[PDB]
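Given next, in structure tokens, is a single chain: the form deposited in one PDB entry.
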């Protein structure tokens, strides 16, 4: 039986995780949900607790901590360990009754639990790309210290890549290890993208698009932050860096392709030029499930892919003029050092400004661009604790700098 904790259980990823676990458990009882962890959504967490009855409940915000304890009392025959904040999360991570942890917490914040899960030698089913982008080489260093810990990618393109590999090669290495692409004979990555809601707009239309435009399309079913990143294609930019760190693929060997039907989720070209790709309907349940079953697969009752019904699949290059965030992400990745950290942080700010109607579409890239050119590279700390502080301080520096730039032009 697979003992699982869901971190960020009330969001888009967490809900999909619980969905697939539920439906798979109807076929055979494969998963035990041992812990749920949310930020503020106490009512929704209670409802999930009622159904799945985990041994652990944690809410990050102390201000709703009491409210959770009282709500949970209605559930008969159930006495969970109810915890909160950083302290609660660390206790769950160190529990010997948990094997696998799904990280569906958003933003740079997802790094903290990812770090402690690793330090506790757990399998980390990581959907949070911000932690990889911002702390790539820290996570690397951490995985060399904690040799039984593993990151399994949940991000759909990276899951697709991972699913295309031979596991007799994968098991010789692990995600975020130097030389991963060489051991797996990977030559090149086709990184597929929906292209987002603005894919058909002219430069003139792009000037005046609003966050509401970005958020209204039902085709995009995710959290608000990632929805905005999909619209600017900064999401794909982040995923380029994520691909580089997870799989040790050279930036010049990662190609972004717009595939509007979202059936082919990404492709791996091996050294012989043979290309392998993973496909399904655009549904996060597959990537989530695979992270929890790897290196095996289990039966599901998901809708089978009907290729003749889909009938047509299309592919084109993205326009860098229309989506300058892509270009900025390659530039930050190629530059290396802490430039990806700076990229992620300034995007956090720019993303949120646009979401709340404070800046325009092209201001997003303008702000990010100015922060990256403000940054002064630092010698990378050889010490693991000092490296973590370095990342925190640089992330924080970049967010402040982005705010300065916004203010300067406001």
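Rigid core (definition): largest C-alpha set, two forms, superposition within 1.5 Å. Numbering follows the first chain given and starts at 1.
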Checklist entry - Is it true that at least a third of the other compared entries have no coordinates for residue 218? => result yes
Checklist entry - Of 378-386 and 347-355, which one has the bigger average CA B-factor? => result 378-386
Checklist entry - Averaged over C-alpha atoms, is the B-factor higher for 336-344 or for 309-317 in this PDB entry? => result 309-317
Checklist entry - Among 192, 241, 81, 135, which carries the highest Cα B-factor? => result 81
Checklist entry - Among 226, 215, 127, 264, which residue carries the highest C-alpha B-factor recorded in the PDB entry? => result 215
Checklist outcome for this item: residue 171: CA B-factor among chain residues, third -> middle
Checklist entry - What third of its chain, lowest, middle or highest, does the C-alpha temperature factor of residue 13 fall into? => result middle
Checklist entry - Relative to the other modelled residues in the chain, which third contains the C-alpha temperature factor of residue 24: lowest, middle or highest? => result highest
Checklist outcome for this item: Among the modelled residues of its chain, the C-alpha B-factor of residue 144 falls in the third labelled highest
Item to check | residue 327, C-alpha B-factor rank within chain (lowest, middle or highest third) | outcome: lowest
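Just so it is clear, the following notes concern the form deposited in another entry, a form of the same protein that is not shown.
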Next on the checklist: Given a cut-off of 2 Å on Cα movement between this form and the one not shown, rigid core as reference, pick the single residue from 166, 250, 306, 205 that exceeds or meets it.
Outcome noted: 205
Checklist entry - Does residue 389 count as moved between this form and the one not shown, where moved means a C-alpha shift of 2 angstroms or more after fitting the rigid core? => result yes
Next on the checklist: Taking 2 Å as the cut-off, check whether the CA of residue 377 shifts that much or more between this form and the one not shown after a rigid core fit.
Outcome noted: no
Next on the checklist: Does residue 31 shift between this form and the one not shown by 2 angstroms or more at the C-alpha, the core having been superposed?
Outcome noted: no
Next on the checklist: Having a change of 3 Å or more in the C-alpha distance between residue 384 and residue 102, I'd like to know whether it is closer or farther in the other entry than in the form here.
Outcome noted: closer
Next on the checklist: Flagged pair residue 384/residue 6: C-alpha distance shifts by 3 angstroms or more in the other entry. Which direction, closer or farther?
Outcome noted: closer
